[PDB]
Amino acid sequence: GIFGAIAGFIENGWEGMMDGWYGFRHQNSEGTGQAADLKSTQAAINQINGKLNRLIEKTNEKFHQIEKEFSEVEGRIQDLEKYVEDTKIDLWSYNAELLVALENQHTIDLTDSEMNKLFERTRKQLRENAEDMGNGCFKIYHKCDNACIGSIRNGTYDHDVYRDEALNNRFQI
């Protein structure tokens, strides 16, 4: 939520996009399409896998320790043995709760970050040929067939080629 895109100015996700986490949905004269963006999807997945690798199978080897169950009443020494262990468990329980809370807040923020990065990447690409509609969609002011859409996704779109046409439509009266 820290960038306001996911669960913000984007009203909902696309349950139909199943080859990526972030993508494009276009409508032009040739029809309507949906294609996933890989660089931003891979960027979010790699970061989340990084977290997991720092947590999964990094465990502690312990061997002989202290007794933690008791069949007799003993008093002073047993109290301290129980206290030591109860103190340790509470502290690791706290570490566990905070760890998950922190990581989850960051996972939500970094996925929001990666959405915004893709939005910003596209916005600079389209230069003065398009206008942000405010809901994660750009209005493209020129003829843009599927090969033209593909060049935007692929990052090969020459804005100069359509500038005159878009400027005319953008600033018509």
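Numbers follow the displayed sequence, beginning with 1.
Just going by the entry, 90-98 versus 72-80 on mean CA temperature factor gives the higher value to 72-80. In this entry, 24-32 has the higher mean Cα B-factor, the comparison being between 24-32 and 115-123. Take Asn60, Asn49, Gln105, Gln65 and read off each C-alpha B-factor from the entry; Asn60 has the highest. Ranked by C-alpha B-factor against the other modelled residues of its chain, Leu110 falls in the lowest third.
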